[PDB]
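Chains as they are written, first to last, in PDB author numbering: chain A, 398 to 446; chain J, 1 to 61; chain F, 6 to 110; chain D, 194 to 241; chain C, 3 to 379; chain K, 2 to 51; chain K', 2 to 51. A prime marks a further copy of an entry chain.
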Amino acid sequence: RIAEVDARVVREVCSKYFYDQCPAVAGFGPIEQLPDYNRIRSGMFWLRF
Amino acid sequence: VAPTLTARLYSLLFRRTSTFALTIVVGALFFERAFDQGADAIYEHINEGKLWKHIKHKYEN
Amino acid sequence: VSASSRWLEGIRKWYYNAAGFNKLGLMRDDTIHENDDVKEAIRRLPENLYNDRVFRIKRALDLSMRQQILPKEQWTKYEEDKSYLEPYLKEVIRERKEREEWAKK
Amino acid sequence: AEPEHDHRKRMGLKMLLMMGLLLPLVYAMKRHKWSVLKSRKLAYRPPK
Amino acid sequence: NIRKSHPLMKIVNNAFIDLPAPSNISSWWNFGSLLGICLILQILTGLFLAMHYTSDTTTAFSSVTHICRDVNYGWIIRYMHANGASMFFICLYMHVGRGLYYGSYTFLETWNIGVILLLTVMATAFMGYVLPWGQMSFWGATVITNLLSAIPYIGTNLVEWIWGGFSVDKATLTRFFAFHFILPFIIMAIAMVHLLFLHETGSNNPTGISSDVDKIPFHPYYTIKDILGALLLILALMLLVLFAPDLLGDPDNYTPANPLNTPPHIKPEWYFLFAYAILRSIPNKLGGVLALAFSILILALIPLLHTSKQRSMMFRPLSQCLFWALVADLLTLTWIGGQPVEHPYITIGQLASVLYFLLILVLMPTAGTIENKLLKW
Amino acid sequence: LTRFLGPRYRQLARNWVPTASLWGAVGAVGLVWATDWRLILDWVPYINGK
Amino acid sequence: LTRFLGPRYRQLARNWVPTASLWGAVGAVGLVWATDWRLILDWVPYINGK
Ligand SMILES: CCCCCCCCCCCCCCCC(=O)OC[C@H](COP(=O)(O)OCCN)OC(=O)CCCCCCCCCCCCCCC
Ligand SMILES: CCCCCCCCCCCCCCCCCC(=O)OC[C@H](COP(=O)(O)OCCN)OC(=O)CCCCCCCCCCCCC
Ligand SMILES: CCCCCCCCCCCCCC(=O)OC[C@H](COP(=O)(O)OCC[N+](C)(C)C)OC(=O)CCCCCCCCCCCCC
Ligand code: HEM
Ligand code: HEM
Ligand SMILES: CCCCCC(=O)OC[C@H](COP(=O)([O-])OCCN)OC(=O)CCCCC
Ligand SMILES: CCCCCC(=O)OC[C@H](COP(=O)([O-])OCCN)OC(=O)CCCCC
Ligand SMILES: CCCCCC(=O)OC[C@H](COP(=O)([O-])OCCN)OC(=O)CCCCC
Ligand SMILES: CSC1=N[C@@](C)(c2ccccc2)C(=O)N1Nc1ccccc1
Ligand SMILES: [Cl-]
């Protein structure tokens, strides 16, 4: 099941779960500089792509 | 459980920014024709037989 | 002590409810304009009052954003408004006035 | 005195129609982004 | 991350993207960017008018005509520029009123140069309205420039030196066009210093209480609200351009300037009528002029008149009422300014004129001292 | 100069090729639409008119 | 407001008084010279002319 994996597989698999998906976030401590959720959410895609 | 139109639009057009932008530029092209076509059709139906486009047929010769 | 200084409180309770910062769950000292004297007084607050002051202000800026207020049950009662900052603030001013009196000797 | 009279009204109609579309859509984008904040909930849990 | 380290995009980042801003600033905080937009519109429409306008009395009236009839889409450019100037003054007056109601004037540096930004815009729109060279343009230009003749000893010299003659004529129209061209760029430079001092502290907010405990990034929250606001700014402009272009303009300006007779009743544009009323409220030359200057320079000494221990009027009912009596009083002075010096408009103009200066200098300062004592501090 | 020719860099080229050819469609279509280039816009069926 | 009235502040006033009255001579003379104010410049002997 590993040797099947090549670069095309990770791109397809990662986009399926990561690209343009709503993440869950949890913060604890001195997190004033923790980016706002909309900024986090916009980091889940690239306008160049 | 066939995905609705909004879901099939996302999967095919919107997920990639490039295709998202392509259909904005194409959407602008076809929106421009139908908007100026329909809009001008309203402006003159209100003002029917009031301006030169309508009375052009009298003074042809 | 008397009935005349009691309707005096009645018009101060009136102005209090009209001012309406109690509608955001706030206390009078939460609304003081921060100058150098006030910033010092806030610096001197113990941890519990500082943290309480932070949350009440945060809760109010949240409400102000939504143009909402708290239920009447949760408004700050004029009777229970702790002037927690004026003791610290009055000592800050007292120290500053002392410096100013020395500065002209 | 105003030869542009008819043309300005035709434009005025197009301006009203586009605004009737764009104002609620842009309003919707504002509300979309801001919804993260408008429904946020706060809790204060100090040590005792 | 290049957005934070490129020396050019660094200054953009710290001003429009990652700038901390309060989470609760209302629509009254939208007018800062609408002023910038208004300025940009007046640059662009202004620039494209200057490519077809000529600056001499013989054809200055005709070149504007030439724009509204012959050049492609110049009539719309011209009404955008004319009505854009009026939208500029709407935004200016909301901007200032926001600052007074919510106490933003305590930012002395930002505020005190804001006053300078008000004067230079007035000086611009003044020297813009002269350029079409209509009747109102000419005699409105005559009344204003003669205000300097009231200065003792050196009055007449400054007027004739400004004029380049013995009355407003060809020499004035040429230099006024040069001044009207260059001032909006000076404005943009000072508006940049406006922001520089502002970012030193960040924005105030409706409550007058520090928002450090609860800030949000400017992007995407206030980028989108500023877009929405701008789209409502375009709406206001285009309704005036495309459905009522001559509502604010006076008809008399559509007759070429005549240096030999006046109209029976002259009225400035709406955005100067409140101040013209103050001028006429005094039967003295130098008195009327000084009362006119202090009418606007009163803003410079608002911060010295702050008596409240609270910053915003949100929690000060007694100051709220005096604030709205000032808007009504200013709305009254605007009405008088648009009416002829005749009974009873004269005496009304004087009572509203005292009420203006009485509110700012007496009633509002002492009103803040009362409500401090009502709150026991 | 020739750091950028080897196995990995030709893989990156082939990964971003489908995207760049689409941004060329955005620009090209965007250039036609903005300038009203009539030589192209005649064969597309619906916009023909005015 | 009245921080600045006491023994030390009246001493500072009297220390800088000779200087400020000289900068008023610079400004006043500088204003006459720049604007060519003839009402003053007639009594001074040498500049009389042209
Ligand atoms: C070098 C370039 C400098 C440009 C500087 C521009 C300054 C900004 C001024 C903004 C004015 C708003 C629109 C008025 C024109 C008009 O009314 O549009 C009239 C035309 C009809 O026209 P028609 O029927 O004659 O022809 C028809 C030929 N097919 O359709 C419209 O109604 C469009 C207007 C819709 C509503 C306005 C929404 C505003 C959105 C923001 C866009 C701003 C972009 C800024 C780019 C710099
Ligand atoms: C010098 C120039 C003179 C030129 C003359 C111009 C003619 C005047 C025409 C009058 C138009 C008035 C515009 C409409 C104002 C409506 C305000 C209102 O609906 O709400 C009052 C609001 C109270 O809201 P709080 O902020 O206290 O708390 C909210 C809690 N939910 O409180 C606020 O929102 C008030 C914020 C400030 C309002 C700005 C208006 C003032 C304009 C001129 C001021 C110039 C003074 C020098
Ligand atoms: C030589 C001729 C060349 C002509 C070329 C023509 C090209 C036309 C434009 C096409 C470009 C599209 C790019 C694009 O949409 O991205 C920009 C953002 C992203 O939106 P957002 O929904 O955040 O993310 C989308 C993510 N995705 C792609 C995975 C679904 O989209 C938005 O957020 C934009 C929405 C707001 C637009 C308004 C901005 C204008 C300023 C204000 C106007 C009013 C007052 C001036
Ligand atoms: C061409 C003129 C001007 C421009 C472009 C301009 C622009 C801006 C902008 C963008 C802001 C920040 C955002 C906002 O609060 O809306 C601001 C804030 C401010 N301006 Fe102006 N302004 C101008 C004139 C003035 C005038 C005439 C005054 C006062 C007489 C003034 C005083 C202030 C103050 C006190 C603030 C701080 C407001 C706050 O953060 O609460 N400005 N200005
Ligand atoms: C804040 C900036 C500006 C304001 C408030 C403003 C305001 C005005 C006003 C009220 C008029 C009178 C229009 C009329 O009565 O027809 C005018 C005319 C004019 N403006 Fe401006 N202007 C600004 C910037 C500019 C700039 C930057 C330029 C040129 C580079 C310019 C060029 C002109 C010209 C040529 C005229 C005469 C044509 C006409 O009357 O329409 N303006 N301006
Ligand atoms: C010609 C096309 C210009 C494109 C500008 C652009 O997209 O800016 C970024 C944001 C949206 O992207 P993001 O913030 O989600 O970040 C995505 C991160 N991957 O869009 C806006 O809200 C900016 C408004 C600009 C007004 C002048
Ligand atoms: C760089 C600025 C381009 C300015 C072009 C212009 O002003 O428009 C003229 C033509 C009109 O199309 P046509 O089919 O009439 O053809 C008329 C042929 N003369 O549009 C074009 O052909 C667009 C070409 C763009 C190339 C960069
Ligand atoms: C603020 C700018 C001053 C501009 C003055 C000007 O242009 O010069 C005119 C007079 C000439 O002196 P005079 O003796 O002819 O006198 C002629 C009398 N009209 O010079 C003066 O009187 C200088 C006065 C300066 C006061 C601030
Ligand atoms: C130069 S004519 C003129 N310029 C305006 C636009 C203006 C004046 C002052 C400040 C800014 C703008 C104005 O209202 N008038 N009209 C007018 C009519 C009578 C008296 C004075 C001016
Ligand atoms: Cl004209």
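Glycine residues also receive a C-beta, built at the ideal position from the N, C-alpha and C atoms.
Given a cut-off of 8 Å, decide if residue j and residue i are closer than it, judged by their beta-carbon atoms.
i, j, result
"C:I280", "C:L335", "yes"
"J:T19", "A:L444", "no"
"C:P208", "C:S106", "no"
"D:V219", "C:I229", "yes"
"K:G25", "J:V25", "no"
"C:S169", "C:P261", "yes"
"C:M138", "C:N255", "yes"
"C:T174", "C:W165", "yes"
"C:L237", "C:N85", "no"
"C:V291", "C:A87", "no"
"C:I372", "C:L320", "yes"
"C:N32", "C:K227", "yes"
"F:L90", "F:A46", "yes"
"C:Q44", "C:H83", "yes"
"D:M212", "C:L244", "no"
"C:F317", "F:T81", "no"
"C:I115", "C:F199", "yes"
"C:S25", "C:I218", "yes"
"C:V215", "F:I62", "yes"
Give me the Cβ distance between residue i and residue j, rounded to the nearest whole Å; I'm assuming they're in contact under 8 Å.
i, j, result
"C:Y55", "C:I69", "7 Å"
"D:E197", "C:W77", "5 Å"
"C:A17", "C:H201", "7 Å"
"C:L36", "C:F220", "No, C:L36 and C:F220 are not in contact; Cβ-Cβ is about 16 Å, not under 8 Å."
"F:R104", "F:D42", "Wrong, their Cβ atoms sit about 12 Å apart, outside the cutoff."
"residue 1 of chain K", "J:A28", "With chain K covering only 2 through 51, there is no way to say anything about residue 1 of chain K."
"J:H54", "J:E60", "About 13 Å separates the two Cβ atoms, so there is no contact after all."
"C:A259", "C:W135", "5 Å"
"J:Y10", "D:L206", "No, J:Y10 and D:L206 are not in contact; Cβ-Cβ is about 34 Å, not under 8 Å."
"F:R17", "C:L376", "6 Å"
Mind checking which residues open and close the alpha helix (DSSP H) that includes residue i?
i, result
"C:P24", "Note, C:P24: premise wrong, no alpha helix (DSSP H); beta strand (DSSP E) at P22 to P24."
"D:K231", "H198 to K231"
"K':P8", "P8 to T36"
"C:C70", "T59 to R71"
"C:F178", "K172 to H201"
"C:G351", "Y347 to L360"
"K:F5", "Counting along the chain, K:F5 falls outside any alpha helix (DSSP H), and DSSP gives it neither H nor E."
"F:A46", "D41 to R48"
"C:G34", "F33 to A52"
"J:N61", "Per DSSP, J:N61 belongs to no alpha helix (DSSP H) and is neither H nor E."
"C:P9", "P9 to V14"
What are the boundary residues of the beta strand (DSSP E) that residue i is part of?
i, result
"C:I79", "Element bounds for C:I79: not the beta strand (DSSP E) but the alpha helix (DSSP H), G76 to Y103."
"C:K375", "Here C:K375 belongs to no beta strand (DSSP E); instead the alpha helix (DSSP H) covers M366 to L376."
"C:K217", "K217 to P219"
At a Cβ cut of 8 Å, what residues of the region 34-48 of chain J count as close to chain K, listed as they run along the chain? For the region 34-48 of chain J, which is checked against every Cβ of chain K, the residues closer than 8 Å are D36 and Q37.
Could you give the uninterrupted runs of the alpha helix (DSSP H) lying entirely in the region 2-54 of chain J, keeping only those of 4 residues or more? Restricted to the region 2-54 of chain J, the alpha helix (DSSP H) segments that are unbroken, complete and at least 4 residues in length are 5-9 and 17-46, listed in chain order.
Which runs of the alpha helix (DSSP H), 4 residues or longer, sit entirely within the region 275-327 of chain C? If we require 4 residues or more, the alpha helix (DSSP H) runs fully inside the region 275-327 of chain C come out as 275-282 and 287-299.
At 4 residues or longer, what runs of the alpha helix (DSSP H) sit wholly inside the region 108-150 of chain C? Taking only runs of at least 4 residues, the alpha helix (DSSP H) segments lying wholly in the region 108-150 of chain C are 110-131 and 137-147.
When Cβ atoms are compared, which residues of the region 209-225 of chain C fall closer than 7 Å to chain A? Taking 7 Å as the upper bound on Cβ-Cβ separation, chain A lies near residues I218, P219 and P222 of the region 209-225 of chain C.
If contact means a Cβ-Cβ distance below 9 Å, which residues of the region 67-85 of chain F contact chain C? Using a CB distance below 9 Å, the part of the region 67-85 of chain F facing chain C consists of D67, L68, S69, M70, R71 and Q72, ordered along the chain.
Please go through the region 206-249 of chain C and give each complete beta strand (DSSP E) segment of 3 or more residues, from N-terminal end onward. The DSSP assignment places 217-219 as complete runs of the beta strand (DSSP E) inside the region 206-249 of chain C, in order along the chain (cut-off: 3 residues).
Contact residues within the region 202-217 of chain D, judged by C-beta distance below 7 Å to chain J: Per Cβ criterion, the list reads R203, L206, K207 and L210.
Members of the region 9-22 of chain F that neighbour chain C once the beta carbon cut-off is set at 7 Å: For chain C, the residues of the region 9-22 of chain F that bring a beta carbon within less than 7 Å of one of its beta carbons are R17 and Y20, in chain order.
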